[PDB]
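Trainee: I would like to see how this sequence folds:
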Amino acid sequence: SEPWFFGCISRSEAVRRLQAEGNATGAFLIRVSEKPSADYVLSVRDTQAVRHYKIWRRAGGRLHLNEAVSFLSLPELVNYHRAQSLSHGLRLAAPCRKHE
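Mentor: Numbers count the residues shown, from 1 in each chain. Pasting the structure now:
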């Protein structure tokens, strides 16, 4: 259990990160919303390609990638993502590995 918060990785680094051979499906990372505003985006290799998601906060202390997945905080929000694959093509697992 570890997403690896990285708010300094473009949609390119993440795409090549999750897809990389450092994750056997399930990898997930929490970066910053390069497109959105004051939020965080998560990317998971799922089971092959790279899937991203926008994490909208409840302005106060609660992140939710959807209207059916909200959590006081990020670390907690993920915990549920791992167990429930609802808003996720593949229940999270380990942190997105890279090459360095």
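Trainee: Could I get the buried residue list for the lengthiest helix in the chain?
Mentor: In the chain, assigned by DSSP state H, the helix with the most residues is helix 74-83. Applying a neighbour-count criterion of 16 or more other C-beta atoms under 10 Å, one finds 74, 77-78, 80-82 buried in helix 74-83. (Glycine included, C-beta is placed from N, CA and C.)
Trainee: Just give me the residue closest to the centre of this protein.
Mentor: The centroid of the chain falls nearest to residue 42 when counting by C-alpha atoms, centre = their mean (2.4 Å).
Trainee: what bridges to that one?
Mentor: residue 30, residue 53 (DSSP bridges).
Trainee: Let me see the contact set for it.
Mentor: Counting by C-beta atoms under 8 Å, 6 or more residues apart in numbering, residue 42 touches 3, 28-31, 52-53, 55, 65, 78.
Trainee: Residue 41 now?
Mentor: By C-beta under 8 Å, 6+ apart, the contact set of residue 41 is 30-35, 52-55.
Trainee: what about 6 Å?
Mentor: 31, 33, 52, 54 (C-beta atoms under 6 Å, 6 or more residues apart in numbering).
Trainee: Now, of those, which are buried?
Mentor: 31, 52.
Trainee: Can you tell me which of the contacts of residue 41 lies closest to residue 11?
Mentor: residue 52 (7.0 Å; C-beta to C-beta).
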